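*Asks:* Chain order of the listed sequences is B and A.
Read in the entry's author numbering, the first sequence has 53 at position 53, and its numbers run on one by one without any break.
Read in the entry's author numbering, the second sequence has 20 at position 20, and its numbers run on one by one without any break.
Virtual Cβ for every residue (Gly too), placed ideally from N, Cα, C.
I have a structure here, written as structure tokens, and I will follow up with some questions on it.
Number of protein chains: 2
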Amino acid sequence: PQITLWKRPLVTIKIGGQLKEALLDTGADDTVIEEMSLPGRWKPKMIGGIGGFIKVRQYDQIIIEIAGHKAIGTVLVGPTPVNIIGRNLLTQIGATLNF
Amino acid sequence: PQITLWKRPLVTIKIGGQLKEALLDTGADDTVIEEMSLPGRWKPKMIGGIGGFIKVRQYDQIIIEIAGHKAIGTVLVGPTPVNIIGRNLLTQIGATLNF
Ligand SMILES: CC(C)CN(C[C@@H](O)[C@H](Cc1cc(F)cc(F)c1)NC(=O)C[C@H]1[C@H]2CO[C@H]3OC[C@@H]1[C@H]3C2)S(=O)(=O)c1ccc2nc(NC3CC3)sc2c1
Ligand SMILES: [Cl-]
Ligand SMILES: [Cl-]
Ligand SMILES: [Cl-]
Ligand SMILES: [Cl-]
Ligand SMILES: [Cl-]
Ligand SMILES: [Cl-]
Ligand code: NA
């Protein structure tokens, strides 16, 4: 698709067999999702933006579908105010910015 | 242009007679710039992101040049760790996300 930016670029994702809403976020290096259960071991990450730092759980090699497009990669889980799809996964779906 | 997302989508802006580096940020509703003087009236605003809220000054009807494209809109000024061009100005330069 070609997504204009008059409204938030919200899409449906699927992770752990469940559908969620998430923001396609070119300003995010990494993908950050609200609290949920994921398989396997996690590693720590302390991450920053406006307002300061959150601690998250890093899960690698997670199957996730974004707007119908299949990706497998790193998902950070923690107290984010919104689910954000960052560049690590936007690159897997072939996304570019264009003007 | 077409901007890939392997790296942060940083561009040069001109604002308030100053050149700055800023992130093209589809996950930002508004444009938020580090501390600087701008002319005219402002009002305070609280904005939230990953780490909680910061206080900013809201300036309306500010001209900006973003990677050579002129726009006008609201600019929020305050203690952001990165200058971010949000959707309010990305729309005006015709930016889309494509995949
Ligand atoms: C600030 C920017 C540089 C980084 N961020 C993305 C940004 O797009 C956020 C998304 C967001 C939307 C929202 F709704 C709430 C929210 F909490 C977060 N947007 C705003 O903060 C903008 C604000 C202000 C502008 O107007 C409105 O729009 C939305 C709000 C609001 C007021 S980040 O989330 O902090 C982030 C993500 C992944 C990540 N990965 C990393 N990896 C490590 C480095 C190796 S560091 C890192 C940081
Ligand atoms: Cl979708
Ligand atoms: Cl990844
Ligand atoms: Cl980078
Ligand atoms: Cl503050
Ligand atoms: Cl505006
Ligand atoms: Cl348009
Ligand atoms: Na003004």
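Report the start-end ranges of each alpha helix (DSSP H) in the segment 52-96 of chain B that is 4 residues or longer and not cut off at the edges.
*Replies:* Fully enclosed alpha helix (DSSP H) runs of 4 or longer: 87-90.
*Asks:* To the nearest angstrom, how far is it from the Cα of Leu97 of chain B to the Cα of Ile93 of chain A?
*Replies:* Approximately 12 Å between the Cα atoms of the pair.
*Asks:* Straight-line CA distance for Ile47 of chain A to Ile64 of chain B?
*Replies:* For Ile47 of chain A and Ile64 of chain B, the distance between alpha carbons rounds to 30 Å.
*Asks:* In angstroms, rounded to a whole number, what distance separates the CA positions of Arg87 of chain B and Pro44 of chain A?
*Replies:* Approximately 32 Å between the Cα atoms of the pair.
*Asks:* Is DSSP giving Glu21 of chain A helix, strand or coil here?
*Replies:* In the structure shown, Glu21 of chain A sits in a strand (DSSP, three-state: E or B).
*Asks:* In terms of DSSP beta bridges, what is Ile13 of chain B paired with?
*Replies:* The partner list for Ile13 of chain B (beta bridge, DSSP) reads B:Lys20, B:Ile66.
*Asks:* May I have the straight-line CA-CA distance separating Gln58 of chain A from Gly40 of chain B, to the nearest angstrom?
*Replies:* The straight-line gap from Cα to Cα measures roughly 45 Å.
*Asks:* Would you say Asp30 of chain A faces chain B, with C-beta separation under 8 Å as the test?
*Replies:* No, no contact with chain B.
*Asks:* Using a Cβ-Cβ cut-off of less than 9 Å, list which residues of the segment 8-31 of chain A approach chain B; keep chain order.
*Replies:* Listed in sequence order: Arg8, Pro9, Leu23, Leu24, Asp25, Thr26, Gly27, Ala28, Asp29.
*Asks:* Just by C-beta distance, which residues in the segment 51-71 of chain B are closer than 8 Å to chain A?
*Replies:* Cβ contacts with chain A come from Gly51, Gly52, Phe53, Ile54, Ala67, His69.
*Asks:* Taking the alpha-carbon of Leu38 of chain A as reference, which of A:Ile15, A:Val56, A:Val32 has the nearest alpha-carbon?
*Replies:* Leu38 of chain A has its Cα closest to that of A:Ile15, out of A:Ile15, A:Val56, A:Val32.
*Asks:* Which term fits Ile72 of chain B, buried or exposed, when burial requires 16 or more other beta carbons within 10 angstroms of its beta carbon?
*Replies:* So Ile72 of chain B counts as exposed.
*Asks:* In chain B, which residues lie with their C-beta within 7 Å of the C-beta of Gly94 of chain A?
*Replies:* Simply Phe99.
*Asks:* Can you tell me whether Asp25 of chain B is buried or exposed? The criterion is at least 16 other CB atoms within 10 Å of its CB, across all chains shown.
*Replies:* By the neighbour-count rule (16 or more Cβ atoms within 10 Å), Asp25 of chain B is buried.
*Asks:* Under 8 Å between C-beta atoms, does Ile3 of chain A make it to chain B?
*Replies:* Closer than 8 Å to some Cβ of chain B, the Cβ of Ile3 of chain A qualifies, so yes.
*Asks:* Is any heavy atom in ligand 8 found nearer than 7 Å to the beta carbon of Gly40 of chain A?
*Replies:* Because some heavy atom of ligand 8 lies under 7 Å away, the Cβ of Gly40 of chain A counts as near it: yes.
*Asks:* For the beta strand (DSSP E) holding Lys7 of chain B, just list the boundary residues, first then last.
*Replies:* Careful: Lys7 of chain B lies outside any beta strand (DSSP E) and carries neither H nor E.
*Asks:* Could you list which residues in chain B have their beta carbon closer than 7 Å to that of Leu90 of chain A, in chain order?
*Replies:* Ordered by position in chain B, the residues that pass the 7 Å Cβ test against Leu90 of chain A are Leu5.
*Asks:* Based on DSSP bridge pairs, tell me the residues matched to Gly49 of chain B.
*Replies:* Looking at the DSSP assignment, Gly49 of chain B forms a beta bridge with B:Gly52.
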